[PDB]
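Taken in order, these protein sequences are the chains called A and B. Heads up: the first sequence runs through residues 10 to 579, 587 to 707, 717 to 871, 879 to 972, 1043 to 1072, 1082 to 1310, 1317 to 1474, 1482 to 1533, 1541 to 1813, 1833 to 1923, 1931 to 1943, numbered per full-length UniProt numbering. Heads up: the second sequence runs through residues 10 to 207, 227 to 252, numbered per full-length UniProt numbering. Even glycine gets a Cβ: it sits at the ideal position worked out from N, Cα and C. In what follows, a structure is listed as structure tokens, so that the remarks can point back to it.
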Amino acid sequence: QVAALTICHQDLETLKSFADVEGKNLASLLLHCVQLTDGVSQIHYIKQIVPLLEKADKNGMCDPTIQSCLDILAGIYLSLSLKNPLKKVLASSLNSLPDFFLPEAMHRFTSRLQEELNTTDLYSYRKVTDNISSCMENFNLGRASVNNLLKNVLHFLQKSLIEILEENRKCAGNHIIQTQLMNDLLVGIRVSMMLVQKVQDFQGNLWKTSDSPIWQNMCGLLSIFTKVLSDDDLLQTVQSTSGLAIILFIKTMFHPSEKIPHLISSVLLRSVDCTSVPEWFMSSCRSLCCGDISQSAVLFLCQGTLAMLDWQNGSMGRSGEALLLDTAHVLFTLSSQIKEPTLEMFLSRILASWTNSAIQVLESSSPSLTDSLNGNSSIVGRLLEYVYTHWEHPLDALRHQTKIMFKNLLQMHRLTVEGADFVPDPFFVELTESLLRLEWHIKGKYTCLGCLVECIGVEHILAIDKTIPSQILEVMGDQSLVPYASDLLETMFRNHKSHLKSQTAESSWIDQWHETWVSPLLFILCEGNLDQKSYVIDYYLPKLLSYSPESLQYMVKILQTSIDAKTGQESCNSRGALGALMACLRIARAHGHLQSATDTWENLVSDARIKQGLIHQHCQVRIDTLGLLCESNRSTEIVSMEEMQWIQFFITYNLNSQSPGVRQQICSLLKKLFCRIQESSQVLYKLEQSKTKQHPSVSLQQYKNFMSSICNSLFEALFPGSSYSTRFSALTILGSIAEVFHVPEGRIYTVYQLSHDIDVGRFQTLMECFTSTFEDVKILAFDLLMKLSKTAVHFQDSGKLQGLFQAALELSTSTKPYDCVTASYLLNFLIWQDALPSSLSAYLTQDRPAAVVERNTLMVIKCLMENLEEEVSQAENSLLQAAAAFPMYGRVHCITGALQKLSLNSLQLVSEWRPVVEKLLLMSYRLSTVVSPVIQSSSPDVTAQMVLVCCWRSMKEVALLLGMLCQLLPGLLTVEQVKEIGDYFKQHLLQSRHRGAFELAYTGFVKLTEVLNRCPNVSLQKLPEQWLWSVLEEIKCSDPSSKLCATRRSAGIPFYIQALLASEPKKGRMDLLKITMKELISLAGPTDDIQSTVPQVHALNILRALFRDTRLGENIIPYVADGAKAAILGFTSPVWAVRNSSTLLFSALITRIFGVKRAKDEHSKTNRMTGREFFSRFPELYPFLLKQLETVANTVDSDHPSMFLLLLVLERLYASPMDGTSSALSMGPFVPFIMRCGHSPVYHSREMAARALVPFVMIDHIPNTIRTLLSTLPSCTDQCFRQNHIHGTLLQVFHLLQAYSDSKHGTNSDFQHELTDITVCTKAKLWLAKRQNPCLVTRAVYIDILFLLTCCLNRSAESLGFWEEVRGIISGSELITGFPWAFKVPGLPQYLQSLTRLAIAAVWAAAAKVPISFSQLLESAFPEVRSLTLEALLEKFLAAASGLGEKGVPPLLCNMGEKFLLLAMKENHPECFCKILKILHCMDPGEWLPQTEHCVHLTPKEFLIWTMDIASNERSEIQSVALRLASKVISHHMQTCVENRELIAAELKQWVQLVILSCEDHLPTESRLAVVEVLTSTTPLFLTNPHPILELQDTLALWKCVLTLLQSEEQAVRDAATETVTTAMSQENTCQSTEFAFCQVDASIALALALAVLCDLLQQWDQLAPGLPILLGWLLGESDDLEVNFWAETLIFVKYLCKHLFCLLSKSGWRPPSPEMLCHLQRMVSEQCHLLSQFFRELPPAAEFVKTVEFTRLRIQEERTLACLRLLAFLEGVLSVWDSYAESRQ
Amino acid sequence: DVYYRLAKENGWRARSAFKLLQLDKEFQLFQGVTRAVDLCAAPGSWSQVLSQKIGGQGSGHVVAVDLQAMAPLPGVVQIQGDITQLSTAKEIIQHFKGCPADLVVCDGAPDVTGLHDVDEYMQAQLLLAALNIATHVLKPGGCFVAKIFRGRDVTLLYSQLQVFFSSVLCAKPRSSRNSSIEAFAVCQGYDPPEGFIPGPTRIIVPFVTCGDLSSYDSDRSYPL
Ligand SMILES: Nc1ncnc2c1ncn2[C@@H]1O[C@H](CSCC[C@H](N)C(=O)O)[C@@H](O)[C@H]1O
Ligand SMILES: [Mg+2]
Ligand SMILES: [Zn+2]
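The structure is reproduced here in structure tokens:
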């Protein structure tokens, strides 16, 4: 879009006085140009302007016609805004004027500019400044003009700036006007800087005399700049630009140039002597001298110093270097004082600029500066401290600037040590080693290592540790670390390739490169876990393939081999090879690399491989194969026939994907495919009309057929009862088709049009998608219907549309809470296609389609309003029937939904829209008054629950409607109405007293408040601040008798405050926040008054919300510390409420400070920050915390303390591993107090102190700390024993030892000596574990320490003495003796567990080379001793038997079958019984089943009966374990002898019934997992047996279990069932039923494959005759015969079963012999058809919308019965019932 | 989940009702209970379950108490007040002179913040108050069910609870969110200390109020 050129009216005659009818002169061209509208031919004539002037280079004196022509050109140019490209157009044109005409144009354009400069309108100043700006850039016409008018332009700039400042200070209160004025100031300052920089007049002195007008204007400008810099109520951009300008002018205006660096230096140091500066400087820059300038002023001045001075070439010399160092010093001083967020961002930018300037200076500097700027200097140390403190700042700009600073620091050091011999500098090596000590979750580690890699080369980092690539790849399974790891790895291998192609110049280097970077990648791709695979494919693999595409050939050859060897074995590496190959090929094709070969290759992909990938079990493989087919580098490449067939195959099965991400990726790739079809069809058409390949008309026909069949599939996927994912996918892909093929409607040819394929019935189904319970489906259907052409009344007659309108009106008043959504969508559809009935024209009094949709909206809204008014009146009469018959919220919802679609800002019938809005507000208030008393209070054939539903839904709808109406930009909304709306929101949301109307009103109020901010009326935009003040002074004198409630976290007051604070412009000014936080922090402070509790309570309730709101975000940081103090000081208050509020606020503060949790469980170090970062961000907490800690420590000895919160904070701070300098704030002082906190008489405090002490101790100091901590324990003969002190000391040493063990485990070899010292110290005080110690808690902790020591000693190989001491501990324990007194002594179970762990450790130690034996541990009377022993035995057996690992049971557990067999019958503790059964399952039945006869007096058969009885009765994990055991026993019986099949028959039937039982619900997921595992293990025996052992009913029952679990709602069961299906299809007699043998497949196709295998077996067993009745009974669904499921569709099973039955009967021609067997089926099916006709008859009109659930279930049953009729009719060729039902229905 | 629906579909005031029922069929809480106390029932779903399973006989007496107000039920007496306050404890115990309650349930929880240590602290306070009420009311061998927050360290709570009860079990029903760390301690067989009144008490009561071991401390070397 362009703006039409305009001209001055009185110029017309002026240009008419020189025009000519013939049109020879330029004047006629001007006439032709000005009288136009298109801004395109004007441009052409503008070019031809130049030749017209060129063709008159003979006169020698400018023609007056040409004079007036150029004058009018100048006037037009100066009247053109900068948004118009024509302005630059004629600028460029006049740039090429002939040299003869220059002087007159100069003079006259000068005159025009001069008279422009004399304007005095304040708001016209911006245009003049923009004109001056334009005359500078590449416009030779204006450059000379302004060069001739320096005095005038400078005077204009000065006066304009002064006047704008005055107006801004006068227009206080309105912030839009102020914003415009600030922008004008900014453009003025920038233009002034441009002028000074870019005018060839300021060079030389030539004007520095005091009398020069230029000099005086410059001094005035400098004074204005200083005044605006020192100001603080302006935008910070203005002040920063002012500082730049100040430095530029000082540099320009100062005659003794060599003294400029010194003078500026003093100005920065605030040490300027007022008696030595020149007089003009003192006059203009009085603020700069004589002190007292803000910190922002100094910040911006040093910014300007760095930016606007010549640092290169050493022009400023030694004084320049001194200025550089002084600026660094000033910046570092400011860094510690600045706390405003925006000022911190500015300081980061300025520090990065300082590094740039240091680079430039250092390139030619003096040797003295080298010493002061090298990497070991103090300045660089401070810079590194800044970087380490700030790389993880919340603000993104901060972090980016820190990255720049770090890179520049390394460059500075390189420049300083250019006298280098060998590449690896000691500084770089030390930095690298220090960085490599950080954890891999530290995000700054990656960027810093990348910079270092580019500095010193990756070969040295690899030499330090050559497993780094693998370590980086192992974190790639965690998203939000993937980008950093990917970038680091990319930097690494780019550098490595550049290094290998160095001196060693051959071709073999690539091999090494491959084995460094590709082989680990292949291993991850084939065998990594799922998340790791997805993230590596999405983020890392494209980078590697793009950088080195010739590596693709290497990868494929490796993967293809691993594929083929798979067929040799009929391994995981051979199993993941297909997915990796598909990922590599998809990436290669999408980037156009060597794989761009016309159906994806000649031989890389085969039909079998592609079909296997497209249907694979892993979502990633399916997506990668689909992407290989769908997306290509060339956007118009032909889609081959093979790709079309594969895509149809894919669509058949992949419409029910459950992951929303997977579904979205599928839809996007399909859209890409449709775009390719559309774009290549145009190429085909072009070739066709252009009268190897296949005659493009053939390909066009193929495209048409393909698109038609795809649409057929998509519309088939909309069957009744279809899942949410399948409707979502179908509607998404249909909408994508409608959008993609809607392109060439302005064109001539289109290969496909969706509208042609839309029948009446397909339109009916699309509208019926409005009844889905999910709003996403409603939205997608609405969008698709709107995208179609000729749809409104083409597909619908008037009567049926009237029925639809009646249906929507009826849904708007239904008691079901979500029918109103359907009614709203239906009504919007009728409105936006002009399908409303004609009677609705009777509501209003009387092409622009906006006008007709507005009229329709008005009519429907008026109808709804009439109904609503009547219903509200009757509700006022009596609310019972209103809740029962006509709840009023449906109409309100429909009205709001109708309004939501309009553009409220651009209505056109305001005369009609005003009274309707008035009535709407009145009825909203009436309804709210009716239903609110029921919602604050309790209740006043209609239950109270539905009354409450009506009431709160009405509340919500009214709030949303008011929030909608607030967007009319108050006009249709008067100021009184807005005030009343705000009052309504305030009356609620502060008096609700209930959860309702807290979050209900908040959304509407937020909408109103944002609108109120953006409003230009001044009287309205002052409302939020006034409301904030009102509520604050309400808070102070709360008077607990008020309506405000303390429960529900507060009386909605936090929501009110949040909404008011939301009005503040984003990052704009945030002045309400400062006031609110000052007042709330003051209120929450300690109060002498007892009555002052409630104001202190609400504050902590409000503050909490303010500290977690996302909008306040980084603006709330400067208050955190204060808030923290409050919380902590509020934890010691005697009142309970203050402490509870303090706890909640402290939780919010912890989340705000340390961030959201990064992983579910471990929280190793993911939410901790170093002491340096924490105490740099909140430096006022270091004294406070320390002081507070000391206090509580001194309370411990001399006795609700706040020890808990202090320790909880302190536990999340650790010491920085790469602490280049010693800890400046030195967390060390905390250690003595933390230790003393361990002597608290509260268990939790002792535990917390033990946990918090760990981060504050260096690892190398842990041994000495442990020794000195142990030395404080009392010896056995001492006389002072304090149990709390001993327990705390023991907890501390236990946690310290645990931390010590988890490091220095294999890294060191010297810790053996330290461990020897530790164990000597522990042996010195072993007495606390024996029976002399009376309390069991202390014994337990000491025994835990001993056990940890045993674990350490075992893996680290004196020890003999330790072991005999441990044996002495165990032998004398109550584990052998027993507990004498029958009193529940504290700590007993914990003590028993500790003893048991130590005893088991002793037993293993003795065996591997005895105080107690496994045999007599298992006989102890304490269930927990038995449980621990059984757990140890179970893990041994599992690791030795199930997960063999080339191992066997240890020799000590060889003959335990009898023992466990006896225990199983003896045990009564369920938790141990389950473990006993698991152990029995783990052993070979051939070794313990024979012994069953005499050990427990049971034959194997009756033992099996016993196990099945257990499995039938229990309903916990023991059920699944018992089922597994019974199945194992049965399998053994069958596999040993052939005589068992006849003596286990009844047991086999009972087992089948048990499996069926365990398949059902009310059982844990483990039961169904166990069923699937059992069936998988016994497929070749009970499922695909060539000669079945069970009866046919039992075999089919097992198959039915498999099929019903394969449709389970939960993913693990489905995956396991697919594994069962793979086993079933992979058997010897079933390898031909399908083509996916030995393939793992998704559940969707697994259902079909299982049915295929079952039918093939039924034929193979030759037992089809009694089989068909059962399968047809499955088809009928005997369950009904008359919570939503996100995966299972009934009709999918019906369709697959019917299709395979047809295929079986066709290939067999089975022809049932006896009709009597099927006669029963015909009887029941005919009865069902009769009932279905009866039910469909008595169903009200438009039942698809009024009776959706009944209609849907009837339709599903009808589809079942029709499928069964189709099969029966095929078999009998009773089609009479078929015909009668077809006539009754159709 | 599914129980949020089933709470609205059925006559249950909240989903939490299904947590109580699923704890019967696995522990047989309602064996012979006649009078029961309900602590911290926000809408009253647990009170409703108890009334329908005990008060269905007719003589069942149920006392419910909460910090907020509740809609009254037939056969249940409601009390509004902080069970931490001594006055509320006294007025609760006022209902049980003579015949003691056979069952005491506590569903309370603080405003769960998300980080689990503070939740354990606050829940420990609430459980101490609930345990005080229990020991002051229910008959020996009785039942005490209490919501707990299973975090990293739960040994102390189990140790303290084991002292007063024969059996203590930790259960997570199906209705409890799998992401949530809540659980239920079911305490079977109220077995109060012999010398305990609402010797042994000097060691138990300090340890139950807090992990106070300042009863085994001595001013002379321990006897052998
Ligand atoms: N100190 C205290 N005194 C009394 N009730 C408390 C309390 N702290 C928390 N609560 C109560 O604990 C409950 C948290 S959820 C309660 C759920 C309820 N039992 C049900 O059947 O669904 C709320 O009722 C809250 O009021
Ligand atoms: Mg509500
Ligand atoms: Zn002075």
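Apart from the 5 residues on each side of it in sequence, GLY323 of chain A sits with its Cβ closer than 6 Å to the Cβ of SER373 in its chain, given in chain order. Contact annotation for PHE105 of chain B against chain A: no contact, minimum CB-CB distance about 24 Å [criterion: below 9 Å]. Rounded to the nearest angstrom, the Cβ distance from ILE347 of chain A to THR314 of chain A is 17 Å, too far for a contact under 8 Å.
Annotation for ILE63 of chain B indicates a beta carbon at 8 Å or more from all heavy atoms of ligand 1.
If you look at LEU809 of chain A, you'll find it in the alpha helix (DSSP H) that goes 800-812.
The beta-carbon separation of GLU1291 of chain A and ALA1210 of chain A, rounded to 20 Å, does not stay under the 8 Å limit for a contact.
Each residue's CA atom was taken as its position, placing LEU1064 of chain A and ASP91 of chain B some 39 Å apart. A direct Cα-Cα distance of roughly 6 Å separates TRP320 of chain A from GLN369 of chain A. DSSP, reduced to helix, strand and coil, places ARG591 of chain A within a helical segment of the structure shown. Minimum Cα-Cα distance from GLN66 of chain B among the listed residues B:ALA118, B:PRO251, B:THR43, B:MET131 corresponds to B:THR43. Non-local C-beta neighbours of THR1120 of chain A in its own chain, meaning closer than 7 Å and more than five positions away in sequence, comprise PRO1135, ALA1170, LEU1171, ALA1173, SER1174, ordered along the chain. Under a 10 Å Cβ-count criterion, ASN34 of chain A is classified as buried, with 16 or more other Cβ atoms of the shown protein chains found around its own Cβ.
Contact of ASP126 of chain B with chain A by beta-carbon distance below 7 Å involves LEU1325. A contact is defined here as three or more CB-CB pairs under 8 Å, and the region 112-122 of chain B fails this definition with respect to the region 78-87 of chain B. About 4 Å separates the CB atoms of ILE1379 of chain A and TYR1417 of chain A; that is less than 8 Å, so the two are in contact. Under the 8 Å Cβ criterion, the region 241-260 of chain A counts as touching the region 191-198 of chain A, having at least three qualifying pairs. Cβ-Cβ distances below 8 Å link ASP139 of chain A to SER90, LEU91, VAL196 in the same chain, with the five nearest sequence neighbours on each side left out; the list follows chain order.
According to DSSP, residue pairing for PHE355 of chain A in a beta bridge does not occur. Neighbourhood of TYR1360 of chain A in chain B, by CB distance below 7 Å: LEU165, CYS238, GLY239, in chain order. Residue burial annotation: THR1281 of chain A is buried, with at least 16 other C-beta atoms found within 10 angstroms of its C-beta.
Approximately 4 Å separates the beta-carbon atoms of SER293 of chain A and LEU231 of chain A; this is inside 8 Å, confirming the contact. Going by DSSP, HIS1880 of chain A is part of the alpha helix (DSSP H) stretching over 1865-1887. For the alpha helix (DSSP H) assignment, the uninterrupted runs of no fewer than 4 residues enclosed by the region 610-653 of chain A are, from N- to C-terminal side, 623-630, 635-646.
Taking 8 Å as the cut-off, one finds at least one heavy atom of ligand 1 near enough to the beta carbon of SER54 of chain B. Counting along the chain, the unbroken beta strand (DSSP E) around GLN197 of chain B starts and ends at 191-199. In the DSSP annotation of this structure, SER938 of chain A is not part of any alpha helix (DSSP H), being labelled neither H nor E. The beta carbon of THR1715 of chain A is closer than 7 Å to those of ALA1755, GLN1758, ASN1760, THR1761, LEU1788 in its chain, skipping five residues each way along the sequence. When the five nearest sequence neighbours on each side are left out, the beta carbons in the same chain lying within less than 6 Å of the beta carbon of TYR1230 of chain A are those of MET1188, in order along the chain.
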